[PDB]
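Please read the structure below before turning to the comments.
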Amino acid sequence: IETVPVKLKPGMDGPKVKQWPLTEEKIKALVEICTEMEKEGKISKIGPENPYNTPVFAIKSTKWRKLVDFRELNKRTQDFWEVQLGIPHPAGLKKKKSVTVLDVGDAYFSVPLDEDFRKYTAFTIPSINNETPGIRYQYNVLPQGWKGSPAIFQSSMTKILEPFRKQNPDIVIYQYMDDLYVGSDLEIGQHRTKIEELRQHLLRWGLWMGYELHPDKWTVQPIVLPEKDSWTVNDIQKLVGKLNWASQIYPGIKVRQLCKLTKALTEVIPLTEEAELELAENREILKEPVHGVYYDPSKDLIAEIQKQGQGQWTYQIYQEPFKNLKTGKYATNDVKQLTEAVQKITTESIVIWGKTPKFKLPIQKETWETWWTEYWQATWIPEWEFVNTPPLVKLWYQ
Amino acid sequence: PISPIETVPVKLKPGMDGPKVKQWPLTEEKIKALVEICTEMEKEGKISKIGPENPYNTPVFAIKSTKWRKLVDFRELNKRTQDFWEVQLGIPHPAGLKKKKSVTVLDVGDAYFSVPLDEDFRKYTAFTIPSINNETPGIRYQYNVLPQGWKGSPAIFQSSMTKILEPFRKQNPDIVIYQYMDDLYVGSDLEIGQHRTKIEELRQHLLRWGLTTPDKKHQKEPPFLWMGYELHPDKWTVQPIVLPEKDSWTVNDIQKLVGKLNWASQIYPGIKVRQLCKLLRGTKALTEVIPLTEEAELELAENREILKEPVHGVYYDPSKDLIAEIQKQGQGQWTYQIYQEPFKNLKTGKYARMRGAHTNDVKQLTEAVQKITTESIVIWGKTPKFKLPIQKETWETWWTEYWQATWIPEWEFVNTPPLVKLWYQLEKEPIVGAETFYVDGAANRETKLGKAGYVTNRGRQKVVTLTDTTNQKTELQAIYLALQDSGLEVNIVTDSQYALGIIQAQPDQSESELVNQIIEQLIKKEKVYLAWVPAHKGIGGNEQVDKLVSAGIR
Ligand SMILES: Cc1cc(C#N)cc(C)c1Oc1ccnc(NC2CCN(Cc3ccc(S(C)(=O)=O)cc3)CC2)n1
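Each protein sequence line maps, in turn, to chains P and Z. Residue numbers for the first sequence, in full-length UniProt numbering: 592 to 651, 655 to 801, 816 to 869, 873 to 942, 949 to 1015. Residue numbers for the second sequence, in full-length UniProt numbering: 588 to 651, 655 to 1144.
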């Protein structure tokens, strides 16, 4: 086994990312993990000649797991993992009755990493109250979290999967970062049996959400128009505004007749013939997907989240603003619920397009940066920005 | 000596070659001094004579006082040399330090000159001592050790020091060593005799690695002054703060005052710097005298009272819990204390930050909690239990209804007035028996003239003219009008999301005069219901205001 040469491009320097302060228990957990990885020769202590840095976190059941934030490196290594060695996405995955996610990141530890690239995988275990310099390391093997790891390994993954794929032609396997996405139209019992069969194939070779995923059942959350016995001026105004913003997305939406009826908000106005028809006609448009919107593989996916109150969260995935590719919902505390939603939306985004979306988070940067790791369970991290949710967009999406 | 430790491999920046900077002809005194200084360094193995083949050069200078010092200008080589990892991420806070029975301060002798340089890099440190009037070839020398003023020296010295200390640290886990530049701070719980022996063991381990230290008769004693603090055996404080008595304060004097107060605020509770910082606004000459406002004079007097008596801080005990308390000490001003045992503070602090344009006390307190949370994780690696001047019901009513996700760790209400409260609450549904004001505002983008007005279900109409205003301003002046000309209960319809968004967030403080005028009106009212409609959609009421508001080109 020999190394695959990795390149960033003629330009573009490596990552120089700050390490967010970690808790005592998280630091200790990392030193235990890293001492074992050093001994096993997976990572090596580094000198100051390596100016690079990638953040590290410790996540969970009871056992601690090391999570490296390779977002900057993945961004800076795009030519390698995407254009040069791209893993193709199957359109069939989203159509399967049941999809199973299995962690395969332990396979990357058996493969060495290009000596000339190693320096870019530099990370720091910080010390409490800056009392000690801070433990510096770099990877010797393909690191979990880096998008270059499955790009290099794909050739070895194909050999492992070759018999299982031949014996099961209707089963679809997709490799995304440290996970395998296994889809089938089989009955749940048979599906689970085939998952255990695949685990054994991986055992030789050395290897929110729920038990499985059901993407064939993934329906969009339609923009809901209230069904009222009595309608006040205010009710119409809310309905006029909601439909007006929906007309920007859905081709065919009409407000004209509803607009036709200086009055007090509390005053009741009777529901006219053509407006009742318009409302029923718009209702039918919102049920079906948006006409004219298609996924551009060269464009970045963007996701917006709205806190709906009472443990309810709404979300939309788009490339061009308000042109929705998917809309949906998620059902103890605000941050815990939000991290659960982010992970769920990312899991769907991977299944459907083979890419993660950039999140527009309705939270203060600092609050999120402090707490996200406390509830996070995924091997990956999506891109995120901190946004102030416009008050209207929450109301328009229920 | 020169440490036997393996060299750190150095490289130049990718597309760069070593410096080839011409040596300027120097004075005879300077040439004499440099030769003298260089001969002693060469004899110690710090530098080595080189041939004419080496093409790299860095300029040298000599400055005098009776002693002469060698000054190498590494500006060019530093530009060409690679980047290095940051020496240290931060400085320890005294509040985070655990009690240690005995303390010794050791200083490394000729630190950089005691650490070897990468053999492959040595050539780049080449310098020439010019001959009298540069007539004959000069004396060519290269560094074998870390040169003073070179980019890689601070990083390479610390890593070497960290590598050297590693075996000692492992062999002595109960001993504490703090590395900072040429200094070494050793602490232990061992009794005076046992400690002094372990110090010597360390000095001997350091000598075994080419590093000299001062002997037991040269070390520091009484109350340890470290990094701007006074470290006593069982307590800590900041170094003495002299608040100068001045009849006239220059920009520079105020700048220094604020820094000294901000430094004092780590242990002195209630320190305020707001009114003094207001005097720093305006960008004036540093020597310029600024007349103190009554508010600043009052603030300076309140600070002088806090600093009249010395206040101390306690050290960290990992067995006990961390408790953080916050108090509102004016508008936008927040004060905090962190302790383990009631009122025996580990540290103190303040928060005053206008995140965005408009805010309320509930948002400000949450932001203050967040600032302390991060701070606590840095200093102690854990979050404290908070004691807040807000009712659990005020917090619950706020967070559940607010669009933003807000989560604060384990906390309890403490009745320390002023209390955090919501000054007004907007209605969930429209009000019956209340006048509905349809408002609108439109300003001419060229003439800057604006028109704010309203139309009501009760028949009332009013239009006012505004000078040098934006559309953002007119839509805001329109809501202010509706609040000014209305009674205790009101319904307000706007086509501005900007105005809606601000008002919906329940602000009680703002940068804008208009917003604070609106706030003042919102508190007075008994009931207010704010609604939004899309502009230019032919909506009854909205279309009526638009007509009388757009009149005069808009
Ligand atoms: C950052 C730092 C600065 C100085 C200095 N400078 C000394 C040391 C070892 C130091 O590093 C650390 C690391 C962990 N815990 C502590 N614990 C400290 C808690 C405060 N004591 C204060 C103290 C003062 C005098 C004596 S004496 C005069 O009794 O030996 C004992 C303790 C020093 C260790 N200090």
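For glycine and all other residues, C-beta sits at the position ideal for the given N, C-alpha and C.
Would the beta-carbon of Z:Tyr775 be found less than 6 Å away from any heavy atom of ligand 1? Locating residue 775 of chain Z in the second sequence gives position 185, where the first residue counts as 1. Yes, Cβ of Z:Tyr775 sits closer than 6 Å to a heavy atom of ligand 1.
Strictly by DSSP, which residues pair up with Z:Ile719? To locate residue 719 of chain Z, count along the second sequence from 1; it is residue 129. DSSP, once it has assigned bridges, lists Z:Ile729 as partnering Z:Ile719.
P:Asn644 - DSSP class collapsed to helix/strand/coil: Position 53 of the first sequence, counted from the first residue, corresponds to residue 644 of chain P. Judged by DSSP in its simplified three-state form, P:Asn644 adopts strand.
Can you give, in chain order, each stretch of the beta strand (DSSP E) that sits fully within the stretch 768-840 of chain Z and has at least 3 residues? Fully enclosed beta strand (DSSP E) runs of 3 or longer: 773-778, 814-816, 819-821, 826-828.
Are there 16 or more other CB atoms within 10 angstroms of the CB of Z:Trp611, so buried, or fewer, so exposed? Here residue 611 of chain Z refers to the residue found at position 24 of the second sequence. Residue environment: Z:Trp611 is assigned as exposed (fewer than 16 neighbouring CB atoms within 10 Å of its CB, all protein chains considered).
Test item: CB-CB of Z:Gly1040 and Z:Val1135 under 7 Å: On the second sequence, position 450 is the one that residue 1040 of chain Z refers to. On the second sequence, position 545 is the one that residue 1135 of chain Z refers to. Remark: C-beta atoms of Z:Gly1040 and Z:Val1135 do not approach each other more closely than 7 Å.
Given that a residue counts as buried once 16 or more other Cβ atoms are within 10 Å of its Cβ, and exposed if not, what is Z:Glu899? Along the second sequence, one-based indexing puts residue 899 of chain Z at 309. The residue is exposed, with fewer than 16 neighbouring Cβ atoms inside 10 Å.
Spatial neighbours of Z:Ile729 in its chain, beta-carbon cut-off 6 Å, leaving aside the 5 residues before and after: Residue mapping note: residue 729 of chain Z aligns to position 139 of the second sequence, counting from 1. These residues qualify, in order along the chain: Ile719.
If distances are taken between C-alpha atoms only, which option among P:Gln748, P:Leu821, P:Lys953, P:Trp658 comes closest to P:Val695? Residue mapping note: residue 695 of chain P aligns to position 101 of the first sequence, counting from 1. The alpha carbon of P:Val695 has as its nearest neighbour, out of P:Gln748, P:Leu821, P:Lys953, P:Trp658, the alpha carbon of P:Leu821.
Secondary structure at Z:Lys977, three-state DSSP: helix, strand or coil? Counting from 1 along the second sequence, the entry for residue 977 of chain Z is found at position 387. Reduced to three states, the DSSP call for Z:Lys977 is strand.
Please confirm whether P:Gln994 has its beta-carbon closer than 7 Å to some beta-carbon of chain C. Chain labels in this structure do not include chain C; the protein chains are P and Z.
Distance cutoff 7 Å, beta carbons only. Does P:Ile962 sit that close to anything in chain Z? Numbered from 1 along the first sequence, position 345 holds the residue referred to as residue 962 of chain P. Under the Cβ criterion of 7 Å, P:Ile962 is not counted among the residues facing chain Z.
Would you list, in chain order, the members of the stretch 680-702 of chain P that have their beta-carbon closer than 9 Å to a beta-carbon of chain Z? Hits within the stretch: zero.
Proximity below 7 Å, CB of Z:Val647 to CB of Z:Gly777: Taking the first residue of the second sequence as 1, we reach residue 647 of chain Z at position 60. Taking the first residue of the second sequence as 1, we reach residue 777 of chain Z at position 187. Cβ distance not < 7 Å, so Z:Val647 and Z:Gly777 don't count as in contact.
Residue range of the unbroken beta strand (DSSP E) whose run includes P:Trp924: Translated into the one-based positions of the first sequence, residue 924 of chain P becomes position 313. Taken as a continuous stretch (DSSP letters only), the beta strand (DSSP E) holding P:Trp924 covers 923-929.
Give a yes or no on whether 7 Å exceeds the smallest Cβ distance from P:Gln845 to chain Z. As a working note, residue 845 of chain P is residue 237 in the first sequence. Output row for P:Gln845: interface = yes.
Mind pulling the chain Z residues with CB within less than 8 Å of P:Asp951? As a working mapping, residue 951 of chain P is identified with position 334 in the first sequence. Result: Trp989, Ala995, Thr996, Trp997.
List the endpoints of the continuous beta strand (DSSP E) containing Z:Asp1030. In the second sequence, counting from the first residue as 1, residue 1030 of chain Z sits at position 440. For Z:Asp1030, the uninterrupted beta strand (DSSP E) run begins and ends at 1026-1033, by DSSP.
So for Z:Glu1103, helix, strand or coil by DSSP? As a first step, residue 1103 of chain Z must be located in the second sequence, where it is residue number 513. Reduced to three states, the DSSP call for Z:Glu1103 is helix.
Between the beta-carbon of Z:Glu1116 and the beta-carbon of Z:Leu1078, is there less than 7 Å? The residue given as residue 1116 of chain Z occupies position 526 in the second sequence. The residue given as residue 1078 of chain Z occupies position 488 in the second sequence. Cβ distance < 7 Å, so Z:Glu1116 and Z:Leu1078 count as in contact.
Count Cβ pairs between the stretch 1100-1109 of chain Z and the stretch 938-954 of chain Z that sit closer than 8 Å; are there 3 or more? Touching, yes.
Distance, Cα to Cα, P:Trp997 vs P:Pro737? Counted from its first residue, the first sequence places residue 997 of chain P at position 380. Counted from its first residue, the first sequence places residue 737 of chain P at position 143. The straight-line gap from Cα to Cα measures roughly 12 Å.
Interface positions of the stretch 1081-1115 of chain Z facing chain P (Cβ-Cβ less than 7 Å), listed along the chain: Result list: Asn1081, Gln1087, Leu1090, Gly1091, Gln1094.
Against chain Z, with Cβ distances strictly below 7 Å, would P:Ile722 count as a contact? Looking up residue 722 of chain P in the first sequence gives position 128. In terms of beta-carbon proximity, P:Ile722 lines the interface with chain Z, with at least one pair separated by less than 7 Å.
Using DSSP bridges, identify the partner residues of P:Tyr775. Your numbering for residue 775 of chain P matches position 181 in the first sequence. Beta-bridge pairing links P:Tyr775 to P:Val695, P:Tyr768.
In terms of alpha-carbon separation, which member of P:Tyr643, P:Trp675, P:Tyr702 lies closest to P:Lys600? Position 9 of the first sequence, counting from 1, holds the residue named residue 600 of chain P. Checked all of P:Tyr643, P:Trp675, P:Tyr702; the closest Cα to P:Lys600 is P:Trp675.
Could you tell me the alpha carbon to alpha carbon distance between P:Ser855 and P:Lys934, rounded to whole angstroms? For the purposes of this step, residue 855 of chain P is taken as residue 247 along the first sequence, with counting starting at 1. For the purposes of this step, residue 934 of chain P is taken as residue 323 along the first sequence, with counting starting at 1. One C-alpha to the other measures close to 11 Å.
Does chain Z have any CB closer than 7 Å to the CB of P:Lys1011? Looking up residue 1011 of chain P in the first sequence gives position 394. It does; some Cβ of chain Z falls within 7 Å.
Cβ atoms of Z:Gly818 and Z:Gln809: under 7 Å apart, would you say? The residue you call residue 809 of chain Z lines up with position 219 of the second sequence. The residue you call residue 818 of chain Z lines up with position 228 of the second sequence. Z:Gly818 is positioned such that its CB atom lies no closer than 7 Å to that of Z:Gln809.
Would a C-beta distance cut-off of 7 Å place Z:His902 and Z:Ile1092 closer than the cut-off? Position 312 of the second sequence, counted from the first residue, corresponds to residue 902 of chain Z. Position 502 of the second sequence, counted from the first residue, corresponds to residue 1092 of chain Z. Going by beta carbons, Z:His902 and Z:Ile1092 fall outside the 7 Å limit.
Contact defined as beta carbons within less than 8 Å: I believe Z:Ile1129 pairs with P:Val848. What is the distance between those atoms, to the nearest angstrom? Locating residue 1129 of chain Z in the second sequence gives position 539, where the first residue counts as 1. Locating residue 848 of chain P in the first sequence gives position 240, where the first residue counts as 1. So it is a contact: roughly 7 Å between Cβ atoms.
Just reading off the alpha helix (DSSP H) that P:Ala854 is part of, what are its end residues? Residue numbering aside, residue 854 of chain P sits at position 246 when the first sequence is read from its first letter. Looking at the DSSP string, the run of the alpha helix (DSSP H) that includes P:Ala854 is 841-854.
May I ask which residues mark the beginning and end of the alpha helix (DSSP H) holding Z:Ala649? As a first step, residue 649 of chain Z must be located in the second sequence, where it is residue number 62. Looking at the DSSP string, Z:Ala649 is not in any alpha helix (DSSP H); the run it does join, the beta strand (DSSP E), is 647-650.
Could you name the residues of the stretch 1020-1039 of chain Z whose beta carbon sits closer than 9 Å to any beta carbon of chain P, in the order they occur along the chain? Residues of the stretch 1020-1039 of chain Z with a C-beta less than 9 Å from any C-beta of chain P: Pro1020, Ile1021, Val1022, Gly1023, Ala1024, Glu1025, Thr1026, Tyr1028, listed in chain order.
Which value, in whole angstroms, describes the spacing of the CA atoms of P:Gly818 and Z:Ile962? As a first step, residue 818 of chain P is located in the first sequence; it is residue number 210 there, counting from the start. As a first step, residue 962 of chain Z is located in the second sequence; it is residue number 372 there, counting from the start. Each residue's alpha carbon lies about 36 Å from the other.
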